[PDB]
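# Structural characterization, general
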Amino acid sequence: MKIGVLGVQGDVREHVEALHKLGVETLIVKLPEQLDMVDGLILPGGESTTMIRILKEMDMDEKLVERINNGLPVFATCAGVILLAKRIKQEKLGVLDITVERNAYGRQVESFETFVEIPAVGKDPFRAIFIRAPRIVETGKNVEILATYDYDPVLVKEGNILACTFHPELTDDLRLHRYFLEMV
Amino acid sequence: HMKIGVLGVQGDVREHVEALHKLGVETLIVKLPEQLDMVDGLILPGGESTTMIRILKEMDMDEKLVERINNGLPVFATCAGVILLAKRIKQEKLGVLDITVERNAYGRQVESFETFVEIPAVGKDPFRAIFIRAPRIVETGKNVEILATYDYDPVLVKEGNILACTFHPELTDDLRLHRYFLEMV
Amino acid sequence: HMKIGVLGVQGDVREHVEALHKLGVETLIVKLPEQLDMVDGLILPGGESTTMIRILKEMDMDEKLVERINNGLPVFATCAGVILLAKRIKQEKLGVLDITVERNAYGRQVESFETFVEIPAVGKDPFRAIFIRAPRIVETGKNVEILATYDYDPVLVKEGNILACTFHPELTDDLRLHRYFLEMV
Amino acid sequence: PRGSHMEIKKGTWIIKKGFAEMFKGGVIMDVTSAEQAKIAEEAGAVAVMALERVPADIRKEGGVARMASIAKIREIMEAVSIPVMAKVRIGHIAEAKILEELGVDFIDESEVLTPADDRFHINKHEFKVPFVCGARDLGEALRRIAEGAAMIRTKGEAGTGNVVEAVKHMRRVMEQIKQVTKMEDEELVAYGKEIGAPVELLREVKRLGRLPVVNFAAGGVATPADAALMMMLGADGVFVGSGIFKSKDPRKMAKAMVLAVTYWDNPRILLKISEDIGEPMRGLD
Amino acid sequence: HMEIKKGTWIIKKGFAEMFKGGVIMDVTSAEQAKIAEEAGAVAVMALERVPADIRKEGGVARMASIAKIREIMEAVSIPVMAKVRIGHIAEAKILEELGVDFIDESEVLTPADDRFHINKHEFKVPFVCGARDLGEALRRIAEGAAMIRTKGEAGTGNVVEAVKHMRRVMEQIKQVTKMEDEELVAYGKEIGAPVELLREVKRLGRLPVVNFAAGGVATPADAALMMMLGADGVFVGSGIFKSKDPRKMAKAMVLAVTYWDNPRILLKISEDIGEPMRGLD
Amino acid sequence: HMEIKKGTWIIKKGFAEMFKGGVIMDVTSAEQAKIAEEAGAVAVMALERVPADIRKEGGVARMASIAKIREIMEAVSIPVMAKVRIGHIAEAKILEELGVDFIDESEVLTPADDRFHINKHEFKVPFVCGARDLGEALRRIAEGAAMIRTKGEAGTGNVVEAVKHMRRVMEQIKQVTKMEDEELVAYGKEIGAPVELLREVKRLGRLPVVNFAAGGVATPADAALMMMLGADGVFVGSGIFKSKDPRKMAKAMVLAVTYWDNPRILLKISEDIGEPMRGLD
């Protein structure tokens, strides 16, 4: 089993290091031809506008979309969500049936960390670190809600896609990452 | 003993002169026309064909080199030499070797490669062929004998008292192709 | 997996440890008595026999090393090791290998030499034998099997689970004699 | 369906240090107008730096370089959705307080502006917003961090189009880190004295095998090749100010920079984005 | 047909042997490239502006634009070289990928690294570097340089520094030729050169790669002198195109390097050459 | 039986590997040689007067008398080493012919050559030389040295210089281990060492020959420290015979080098050792 971490821009190391703690092999995905070399793909945190631009300039977007629709397991954190979203109230991959609002909590000074309850991974709450996070203002038909914070879905699941608006990779909690591998 | 000349208007003249000395023959670097009549054999070294032909003409040595060769003077050409002697090139030339050559046929310098080639005429042990921005012989004539080839292409030909190859034996320590030339004198 | 020990009171312990690691086995440098009971095999390295025996006694490891060996512990000795195990020496010793050895049999260090020796038991390719102020085995016992010799002298013997040679295989890149030892475990 | 709603914490170290991790593999561009901010954002910049005049002009002009006007910064904040950074004079607590209150995403206590304090820097721990500071070696990078810096940028010569100082310092920092990685505690304490850095942070560097915060290359980057080099030397990303807008076709140059930082180890791609970029700033030497 | 090998030392060092007895010319346009090629140049060096202009202008001198280099690559059939700033790995990677025939990590361009040079072993394409003496010529080679050029003052029309250094290198080589091992190891420390290469110089009786004269050659006589001092050939940048009749001057340079020991010919090619650049002194 | 080879690098470098983990003692008589051998010394160094006396006395320190060396050679079965003045080829030739097992071109003797050392490649017998850092350790090796000893202050009873230099060498090695080729070539110039050997150090992660601590070791603890700092063994001259009970001290040294990482044992061999030399400071 080989999990890929999209590496056009973002906190690629943080994720790669998490996967290594879980003992899986990893591959940083920069070129299109590498998308066909992984069982799973993680869309890391970073700048959504940057990711989409590079993705298009390197002709990886259309192939990323196909690959996903063919059931490729994907895990997205913050920027990833905005990247996958179908609606944004900006170019995007448009595959996750949800509507997102960018910089929904304010500027960086507004960034906060709080404990959130994600039943699906245990009784112990998860340390959620929201940095200039987006808000999921509307979930679709098949979009399953795995956890929420103050009336907002912060962790959703639709098909083989797992998306959250916070950064689990910045913590030492490997729980959300296992749950992803469990999807492979 | 015999005296072999190495055309020295430009090129790796030293490499050849040193090979000949290993074979114990006396040498003479040929720069002026009047020196072409002082040798039993002539080696057209590697270097820049365009440079060689230019100097050759500006010094009135070309027409005399051609005559001298047609009168049977033994000649050995490596890379640039071949292009110099060729009758057809896909540029000025001496036009005496009945073949058609394609310059920089393998690409730029980064494409330069070294491989072992089999030259039966000189032994069972393969020869170390070093092709540097080498030319390709795309067509050999009627009397042109093919002494060795690499990937469908003649890399060592012989027509009359002329011996031409597209690689650089002088860059290796294999004196075999040089003996074979002296054997032609 | 197996754990091989390298007696490390003095000598080229690293050279041996590195050989064993190339063969992928786990190693342990044996300095204290209590460590002799933690290994499946023991290598007595090159070095100074007089030094080894002295330390060995001053640390009360000798008597226990002897017992342990007689109880069949696989041992591999190179140069100094042989002198250490020998029963007769033409000096203190462990006295378990039924052979008679002559120290500095070839002369001073300037006499040290390297030659290829044939050790059938490990292959057709000769082994590179490096004798440095080596000892000579002047007499082999009843159960002492001779695995290789050089100029009328046994240079590699085998008696029971002991393998002893007068040269230094660890100084070469030939892991063959080391495998043959592990094969004894 | 409310879900969770327990206590929250803001402006903590994990959040500041963390925010900067998101910038890795990217390019931060200096921008003077809302139009430039947009070009930068369209190009793929991960963030923009609000200024009245880029480093090269700061040199040419002269006078006392201070904090940009609030108007100019709001202009840029409202023009893009990516983080907006603003520079403040070294040691100028007031400017920083004002900026934090304004909501800027990252304050840059930079030396390209007329220093306000000649000895001390801003005690960045007091703030909620993260700070980024310059360093010429491991010693000051480490000191800056001890004061609270969440991100370090290895500086060169601002606005000269010459990567030489940037190279010098990036190599210097990386070299020292590497060394520290293999030092024994007693050597660490000694080294700390030598390069004047806090031993606690040295012990931290020794374990992580790198700086304890994101380190960007800055100063003198004027062409895609330059950006790629910085990455080859170990940078986490680059800051480009004058090199983009001081060239013939900024939008063109900008897209190339972004791609060079991502594909610094891909000659085919580096050559592709270099085929055409316009005329890089002339530079001062 | 069998296994082939590319970018090996024999091929790099070898390629440069082919340049011996020739002239490499700096060219700014496709038109100049053609003049250079018609003149008999063995190779051209692609630039945006020749050394003399690099001085006059100022600012940061970097790698030429890919466009400019392609222009020249497509204009002639002889090898095309391109300069890169010292220590600028990226520029070199780009150039190698572009297919340039020889990279020149030169000092006439604003250095990118202040201490280290490019580790040329990593590349497939050969590099040529400058040196002012045997010590750095040898160091440059240790880093992978397949060809050395003994530099002088770029774009000044004054051969003085070139003479100085060519004499210097040759002098040291000669000396090293007669040193005993213990003296070699000592000398290595003195001139800061790798003892292994010194032992090599000692046997070959010369540098282990082609050595060209460069910097300040502005007239046929200058070129001939360089050869008289032991050069394998010369690099001419400003001296040709900064003169009245470049094509005229160019053909003369090519002939001077070939007939440097022929006064009759040297005089012939000197009878008329136009007006050499004024030079800076 | 087949073709044999003598005095080759593998044999010289190899012979010294056998000394690792041991102590080499300076001896002035056949009686001392025997004490040294009984104590567990791996080899003895033949001298007329130990380092401490060399200091006290004065005058020109040369090679020992053949008589004195034969005395010691015949007294023990362990290898016998003899010192020669730096650069004194003749003394070394004589010693090689005498059959000494290891020549020591040491600086504790009045240097014969002020600039060059002996070209050790010419010899069949191995040489051991001193060094104060990676630069000269490497230079000494380039001249043929099969073993290096990091020196301190001979005959003073003060390990300080030995510590300084052992740390220095080890530090540099460690650094070099993580340098890139271009950095290696540069470093070579800086510390004046042959780049070829630096590349070698970089791979082995250590010197390419055995490195012993030497100078100032006067007590078991000192010997253990040297090992803690990374030495392969120690040379002890004055520290043993200049103490009250030499035989006692000697056995302790041998055990300290072996059990340097065993406090229980280090304390045991320290319980009683006599009075270490007073030392000079």
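Residues numbered from 1 in each chain as written, not as in the entry; some residues may be left out. Chains lettered and ligands numbered in written order. Part of a larger assembly, values for the part shown. Heavy atoms only, no water. Residues with missing side-chain atoms left out of burial classes, pairs and counts.

Okay, the sheet that holds strand β8 (residues 127-131) of chain C next. Strand order in the open sheet formed by three strands is β8(C)-β7(C)-β1(F), and the pairing between neighbours is antiparallel. Looking along the sheet, the strands with just one partner apiece sit at the ends: β8 of chain C together with β1 (4-6) of chain F. Here the strands of the sheet are splayed against their neighbours by 25 degrees on average, with no regard to which way each runs. Relative to β1(F), strand β7 (residues 113-117) of chain C runs antiparallel, the two sharing three bridges. Residue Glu114(C) lies in a different strand from β1(F), and its bridge partner there is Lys5(F). (Pairing = 2+ DSSP bridges. Helix = DSSP H or I, 4+ residues; strand = E, 2+ residues; numbered from the N terminus. Axes fitted to C-alpha atoms, helices over the stretch in contact; angles between N-to-C directions.)

A few words on helix α3 (residues 61-69) of chain A. All names here are of chain A. Among the residues of α3, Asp61, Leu64, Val65, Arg67 and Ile68 are the ones counted as buried. Taken down its axis, α3 places every buried residue within 165 degrees of arc, on the same side. Residues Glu62, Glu66 and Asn69 are exposed on α3 and point more than 90 degrees away from its buried face. Where α3 is buried, its residues touch β3 (40-43), α2 (48-57), β4 (74-77), α4 (79-84) and β12 (161-164). (Buried < 20%, exposed > 50% of the residue type's maximum accessible area, 1.4 Å probe, protein only. Arc of directions from axis to C-beta. Contact = heavy atoms within 4.5 Å.)

This part covers the arrangement of the chains. Where six pairs of chains are in contact, the pair with the most contacts is made of chains A and D. You won't find any contact between chain A and chain C; their C-alpha atoms come no closer than 23 Å. In this assembly chain B lies apart from chain F, the nearest approach of their C-alpha atoms being 22 Å.

Following the UniProt record, one finds the feature "active site" at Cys78(A), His167(A) and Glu169(A). Looking at where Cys78(A) falls in the secondary structure, it is placed in the loop between β4 and α4. Residues contacting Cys78(A), with those up to four places away along its chain left out, are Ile131(A), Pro134(A), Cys164(A), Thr165(A), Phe166(A) and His167(A). Position of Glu169(A) among the secondary structure elements: in the loop between β12 and α5 (175-181). Apart from the residues within four sequence positions on either side, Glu169(A) is in contact with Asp11(A), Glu14(A), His15(A), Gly45(A), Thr77(A), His177(A) and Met22(D). A polar side-chain atom of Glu169(A) sits 3.4 Å from a polar atom in the side chain of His15(A). (UniProt positions renumbered as here; feature names shortened; annotations may be inferred. Polar contact = N/O pair within 3.5 Å; in protein donor to acceptor, adjacent residues only side chain to side chain.)

Bringing the interface of chain D and chain E into the picture now. Taken together, the 28 residues of chain D in the interface contact 23 residues of chain E. Per-residue buried area on chain D facing chain E is highest for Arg171(D), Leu271(D) and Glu275(D); these three make up 24% of the total on that side. Linking chain D with chain E are four salt bridges. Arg70(E) serves as the salt-bridge partner of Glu275(D), at 2.8 Å between the closest nitrogen and oxygen. Between the two partners, chain D and chain E, sit seven residue pairs in polar contact. (Buried area = accessible area lost by both parts, 1.4 Å probe. Salt bridge = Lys/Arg side-chain N within 4 Å of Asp/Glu carboxyl O.)

Residues and elements named next belong to chain F. The contact between helix α10 (residues 220-228) and helix α12 (residues 246-258) brings their axes to 8 Å, and the two run at 25 degrees. Looking at the two axes, α10 sits roughly parallel to α12. Here α10 and α12 pass one another in a crossing that is right-handed. For the pair α10 and α12, the contacting residues are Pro220, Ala223, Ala224 and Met227 in the first and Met249, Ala252, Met253, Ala256 and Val257 in the second. Partitioning the contact of α10 with α12 into residue classes produces nine nonpolar, no polar and no charged. (Parallel < 35°, antiparallel > 145°, perpendicular 65-115°, else oblique. Left-handed = near helix turned anticlockwise from the far one by under 90°. Nonpolar A, V, L, I, M, F, W, Y, C, P; charged D, E, K, R; others polar.)

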